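Input: one structure, supplied below.
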Amino acid sequence: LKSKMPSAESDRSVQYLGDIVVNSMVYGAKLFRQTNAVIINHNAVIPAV
Amino acid sequence: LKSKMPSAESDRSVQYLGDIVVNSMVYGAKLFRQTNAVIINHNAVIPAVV
């Protein structure tokens with residue numbers, strides 16, 4: 001769920017004499033359908049061809 | 001003494017990603033003439049009428 005695309009806001013810090021830039025995003029991830037995904041657990045052994 | 005009526009100033013804080021608004025007022029109060037005021041101390045009863 002996308003509430004805010006990654007965007008840049010810049011401001012001036014006179015007391016530090018610089019530009020402060022903040023890139024922000026607002027989102028939420030969840031499982032939509034509990035039937036469309038399967039996960040398989042295996043090992044990292046590479047068999048010999 | 002009415003030095004400054006309430007006025008509001010706004011600013012943007014990028015560290016906290018927000019808007020800061022401050023409303024301020026400047027004044028002073030004193031008793032001018034020590035003879036022009038009287039205070040009456042009564043109670044909060046509604047008198048029995050009729």
Side-chain angles (χ1 to χ4, degrees):
Chain A
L1 183 63
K2 296 293 184 182
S3 187
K4 178 181 182 292
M5 283 318 154
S7 57
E9 176 164 358
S10 177
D11 211 349
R12 270 292 308 200
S13 181
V14 186
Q15 293 179 356
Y16 278 98
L17 291 154
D19 291 331
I20 306 185
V21 181
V22 184
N23 297 293
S24 47
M25 67 162 149
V26 193
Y27 71 104
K30 198 176 171 169
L31 281 176
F32 191 59
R33 288 189 187 268
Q34 293 82 17
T35 56
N36 280 335
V38 175
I39 61 158
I40 311 162
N41 293 316
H42 46 98
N43 55 11
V45 166
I46 298 287
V49 176
Chain B
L1 284 186
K2 191 175 55 73
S3 185
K4 173 188 140 49
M5 294 299 291
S7 66
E9 276 195 354
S10 65
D11 206 12
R12 174 75 178 175
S13 181
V14 72
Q15 315 270 3
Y16 293 88
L17 289 178
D19 291 331
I20 302 154
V21 182
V22 178
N23 204 332
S24 48
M25 65 180 288
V26 190
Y27 69 108
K30 197 157 172 145
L31 274 176
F32 188 53
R33 292 176 159 280
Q34 270 93 9
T35 61
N36 281 352
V38 178
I39 52 170
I40 315 157
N41 302 323
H42 46 94
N43 53 13
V45 297
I46 302 283
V49 65
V50 177

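Lettering of chains follows the sequences in order, A, B, ..., and the numbering in each one begins at 1. Any value given below was found using the heavy atoms of this structure, including those in side chains, with hydrogens, waters and symmetry copies removed.
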Would you list the atom pairs in which one atom of chain A and one of chain B form a donor-acceptor pair under 3.5 Å?
residue: A:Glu9; atom: OE1; partner: B:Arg12; partner atom: NH2; Å: 2.6
residue: A:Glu9; atom: OE2; partner: B:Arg12; partner atom: NE; Å: 2.4
residue: A:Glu9; atom: OE2; partner: B:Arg12; partner atom: NH2; Å: 3.0

With a cut-off of 6.0 Å (strictly less than), are more than 12 heavy atoms of other residues, nucleotides or ligands near CD1 of B:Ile20?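 Atom CD1 in B:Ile20 is crowded, with more than 12 foreign heavy atoms closer than 6.0 Å.
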Where at least one partner belongs to residues 35-49 of chain A, residue pairs that pass salt bridge (charged side-chain N to carboxylate O under 4.0 Å, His left out), sequence neighbours excluded: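 Counting only pairs at least two positions apart or across chains, no salt bridge (charged side-chain N to carboxylate O under 4.0 Å, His left out) contact touches residues 35-49 of chain A.
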Evaluate whether atom CE of B:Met25 has more than 12 neighbouring non-hydrogen atoms of other residues, nucleotides or ligands under 6.0 angstrom away.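 Yes, the 6.0 Å shell around CE holds more than 12 heavy atoms from other groups.
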Please check if atom CG in A:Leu17 has more than 12 non-hydrogen atoms from other residues, nucleotides or ligands closer than 6.0 Å.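 Buried by this count: over 12 neighbours within 6.0 Å.
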